[PDB]
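J.: Residue numbers (the numbering used here), protein chains in the order written: chain L, 1 to 188; chain P, 189 to 240. Attaching a single structure in structure tokens format; questions to follow.
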Amino acid sequence: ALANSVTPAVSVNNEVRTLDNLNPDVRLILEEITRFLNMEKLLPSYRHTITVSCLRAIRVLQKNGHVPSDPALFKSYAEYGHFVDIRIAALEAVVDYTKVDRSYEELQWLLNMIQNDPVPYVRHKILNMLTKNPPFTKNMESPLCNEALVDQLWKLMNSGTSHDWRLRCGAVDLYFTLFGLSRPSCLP
Amino acid sequence: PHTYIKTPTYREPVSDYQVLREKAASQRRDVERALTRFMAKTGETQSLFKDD
Numbered sequence: 001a002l003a004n005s006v007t008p009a010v011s012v013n014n015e016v017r018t019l020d021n022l023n024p025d026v027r028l029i030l031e032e033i034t035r036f037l038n039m040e041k042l043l044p045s046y047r048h049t050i051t052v053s054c055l056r057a058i059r060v061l062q063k064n065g066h067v068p069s070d071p072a073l074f075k076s077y078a079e080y081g082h083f084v085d086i087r088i089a090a091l092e093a094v095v096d097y098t099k100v101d102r103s104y105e106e107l108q109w110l111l112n113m114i115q116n117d118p119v120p121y122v123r124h125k126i127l128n129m130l131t132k133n134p135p136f137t138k139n140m141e142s143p144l145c146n147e148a149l150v151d152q153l154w155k156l157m158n159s160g161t162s163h164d165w166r167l168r169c170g171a172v173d174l175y176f177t178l179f180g181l182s183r184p185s186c187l188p
Numbered sequence: 189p190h191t192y193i194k195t196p197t198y199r200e201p202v203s204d205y206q207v208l209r210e211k212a213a214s215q216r217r218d219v220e221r222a223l224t225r226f227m228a229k230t231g232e233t234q235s236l237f238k239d240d
């Protein structure tokens, strides 16, 4: 409910979002989610439901112009040793970031995590979230439509996902969502 | 009365549910804020903002 109340901020001349030019409304929200996340670090919930809700709310505040658009927090919560709900919430935030900020290195981070993660459910979920919220569609001109990305995703369909039968269908779905049924257009 | 008078009365207790809810709420919020600031200052820390 605190995350639902966040309206987009009135940035002037692309002003850097710092602590002093914060909204007086959003400072209370940010204090509350900081208190909740830190108290979850000491007294945890049943399935880290407050971690998932606070990561989702930090992504809501980053989607508007309130918190700086930095994926390092979600990249630290998406490591292997965390609970799987925290991991998929953080990876959902990283997928949303690499859709909005057109990040090349975050997409390479996600594709590397698809290739070598210990939990295969997390790999399937990353392919699923990158299909649902794709970094670009076939209609879009994006900076991320190289021949290098077409070769990486074709290598991920062909080899690489050969051991799961669910990662390979997810890679086929991702290639269909990104490049369509015909020849990838952004290619010689 | 002062010559030979004594009134052994008690002390009026607080039955105000509103101010008791406010006191318990604010004391719980303050002790959890103090605890989390102490634990974030004496350990490894992160920050949403640069050098915060």
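We put the CB at the ideal spot given by N, CA and C, even for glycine.
#1: If contact means a Cβ-Cβ distance below 7 Å, which residues of the segment 123 to 151 of chain L contact chain P?
#2: Buried or exposed, going by whether 16 or more other CB atoms sit within 10 Å of the CB of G81(L)?
#3: Could you work out which residues of chain P lie near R35(L), taking near to mean beta carbons separated by less than 9 Å?
#4: Run the CB neighbour count on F176(L), radius 10 Å, all protein chains shown included, and call it buried at 16 or more, exposed below.
#5: DSSP state of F136(L), grouped into three classes?
#6: The alpha helix (DSSP H) spanning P24(L) covers which residue range?
#7: With distances taken between CB atoms, is the gap from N133(L) to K99(L) smaller than 7 Å?
#8: Compare the C-beta of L19(L) with all C-beta atoms of chain P and state if any pair is closer than 7 Å.
#9: Interface residues of chain L around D240(P) at Cβ under 9 Å?
#10: Whose Cβ in chain L lies nearer than 7 Å to the Cβ of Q206(P)?
#11: Can you say whether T51(L) is buried or exposed, counting buried as having 16 or more other CB atoms within 10 angstroms of its CB?
#12: Using only the alpha-carbon positions, how far apart do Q215(P) and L208(P) sit?
#13: Taking the alpha-carbon positions, what's the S76(L) to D70(L) distance?
#14: Could you say which of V26(L), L91(L), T18(L) and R27(L) lies nearest to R56(L) if we only look at CA atoms?
#15: Just checking my contact of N23(L) with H66(L) at CB under 8 Å: how many whole Å lie between their CB atoms?
#16: Give the residues of chain L in contact with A228(P), contact being defined as C-beta atoms less than 7 Å apart.
#17: Take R102(L) as the anchor and find which of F74(L), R35(L), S142(L) and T131(L) has the nearest alpha-carbon.
#18: Considering Cα atoms alone, identify which of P44(L), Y46(L), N38(L) and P184(L) is closest to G231(P).
T.: Straight from the coordinates:
#1: So the list is empty, because no residue satisfies the distance condition.
#2: On the first sequence, position 81 is the one that residue 81(L) refers to. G81(L) comes out exposed.
#3: The residue given as residue 35(L) occupies position 35 in the first sequence. Ordered by position in chain P, the residues that pass the 9 Å Cβ test against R35(L) are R217, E220, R221 and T224.
#4: Residue 176(L) sits at position 176 when you count from the first residue of the first sequence. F176(L) should be labelled exposed.
#5: As a first step, residue 136(L) must be located in the first sequence, where it is residue number 136. Coil, per DSSP.
#6: For this step, residue 24(L) is matched to residue 24 along the first sequence. Note, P24(L): alpha helix (DSSP H), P24 to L42.
#7: The sequence position of residue 133(L) within the first sequence is 133, counting from 1. The sequence position of residue 99(L) within the first sequence is 99, counting from 1. In contact: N133(L) and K99(L) (Cβ atoms closer than 7 Å).
#8: Here residue 19(L) corresponds to residue number 19 of the first sequence, with the count starting at 1. Cβ-Cβ to chain P under 7 Å: yes for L19(L).
#9: In the second sequence, residue 240(P) corresponds to position 52, counting from 1. Per Cβ cutoff of 9 Å: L19.
#10: Stepping through the second sequence from its first residue, residue 206(P) is reached at position 18. Under the 7 Å cutoff, chain L gives no residues; its nearest Cβ is about 22 Å from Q206(P).
#11: Taking the first sequence and counting its residues from 1, one reaches residue 51(L) at position 51. Result: buried.
#12: Against the second sequence, residue 215(P) aligns to sequence position 27. Against the second sequence, residue 208(P) aligns to sequence position 20. Between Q215(P) and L208(P), the C-alpha separation is close to 11 Å.
#13: Position 76 of the first sequence, counted from the start, is the residue given in the question as residue 76(L). Position 70 of the first sequence, counted from the start, is the residue given in the question as residue 70(L). If I take the Cα positions, the gap works out to 11 Å.
#14: One-based indexing of the first sequence puts residue 56(L) at position 56. The residue with the shortest Cα to Cα distance from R56(L) is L91(L).
#15: What you label residue 23(L) is simply residue 23 of the first sequence in a count that begins at 1. What you label residue 66(L) is simply residue 66 of the first sequence in a count that begins at 1. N23(L) to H66(L), Cβ: 6 Å. Contact.
#16: Working through the second sequence from its first residue, we reach residue 228(P) at position 40. Within 7 Å Cβ-Cβ: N38.
#17: Mapped onto the first sequence, residue 102(L) falls at position 102. It is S142(L).
#18: Position 43 of the second sequence, counted from the start, is the residue given in the question as residue 231(P). Looking at the Cα atoms, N38(L) is the closest of the given residues.
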